[PDB]
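I have placed the structure first, in the form of structure tokens, so that the comments after it can refer back to it.
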2 protein chains.
Amino acid sequence: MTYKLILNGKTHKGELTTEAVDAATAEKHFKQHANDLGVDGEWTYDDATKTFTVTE
Amino acid sequence: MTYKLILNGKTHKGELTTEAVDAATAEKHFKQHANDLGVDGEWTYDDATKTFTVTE
Ligand SMILES: [Cl-]
Ligand SMILES: [Cl-]
Ligand SMILES: [Cl-]
Ligand SMILES: [Cl-]
Ligand SMILES: [Cl-]
Ligand SMILES: [Cl-]
Ligand SMILES: [Zn+2]
Ligand SMILES: [Zn+2]
Ligand SMILES: [Zn+2]
Ligand SMILES: [Zn+2]
């Protein structure tokens, strides 16, 4: 399924999508990108919309 | 000004924004993120909308 990451960082905002066979696969993928983009915040997940948010 | 990066990659799609004092500052910032997200493609820039696109 297609998962989305919403980044609400102080220096980086936006949205990334990726295809993953399960939610853990997508979340590990996304935690790597949030690290890469310097966004260290609070994580939430919405299963209905397959959307992770990271908020600084 | 706020610049945007549109990523149209095979494995990563989405949009990132950042504030930068000039376009070269934003583009260097964004080229680092596209590298980080594994998106190596053709770059275009639209000055009217301060938008870089990278397309695989
Ligand atoms: Cl799917
Ligand atoms: Cl950004
Ligand atoms: Cl950055
Ligand atoms: Cl500004
Ligand atoms: Cl992605
Ligand atoms: Cl990735
Ligand atoms: Zn799928
Ligand atoms: Zn950034
Ligand atoms: Zn500005
Ligand atoms: Zn990705």
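FYI, it's all coordinate maths here, none of it is from the lab. For neighbour counting, all protein chains shown are included, and Cβ atoms are generated from backbone atoms with ideal geometry for every residue, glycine included.
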### Query
Do the conditions hold for residue A:18, that is, is it in contact with a helix residue (DSSP H, G or I) (Cβ under 7 Å, 6 or more places away or on another chain) and more than 16 Å from ligand 2 (Cβ to nearest atom)?
yes
### Query
If you take the residues of segment B:1-11 that are more than 16 Å from ligand 1 (Cβ to nearest atom) and surrounded by fewer than 16 Cβ atoms within 10 Å (Cβ to Cβ), which of them is farthest from residue A:3 (Cα to Cα)?
B:1
### Query
Within segment A:15-22, is there a residue that is within 16 Å of ligand 9 (Cβ to nearest atom) and touching a strand residue (DSSP E or B) at 6+ places or on another chain (Cβ under 8 Å)?
no
### Query
Are any of the residues in segment B:27-50 among the hydrophobic types (A, V, I, L, M, F, W, C), more than 12 Å from chain A (Cβ to nearest Cβ) and away from ligand 4 (no atom under 16 Å from the Cβ)?
yes
## Note on the structure
Inside segment A:7-24, the number of residues satisfying the requirement of being more than 7 Å from every other protein chain (Cβ to nearest Cβ), closer than 21 Å to residue B:54 by Cβ and either without any contact (Cβ under 8 Å) to a residue 12 or more places away in the chain or within 16 Å of ligand 3 (Cβ to nearest atom) (or both) is 2
### Task
Restrict the check to segment A:47-54 and report whether at least one residue is small (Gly, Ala, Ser) and either touching a helix residue (DSSP H, G or I) at 6+ places or on another chain (Cβ under 7 Å) or farther than 29 Å from residue B:20 by Cα (or both).
yes
### Query
Restricting segment A:12-36 to residues that are farther than 16 Å from residue B:11 by Cβ and not charged (D, E, K, R), which is nearest to ligand 1 (Cβ to nearest atom)?
A:23
### Task
Tell me, yes or no, whether segment B:17-37 has at least one residue that is within 11 Å of the chain's Cα centre (by Cα), basic (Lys, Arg) and loosely packed, with under 13 Cβ neighbours inside 10 Å.
yes
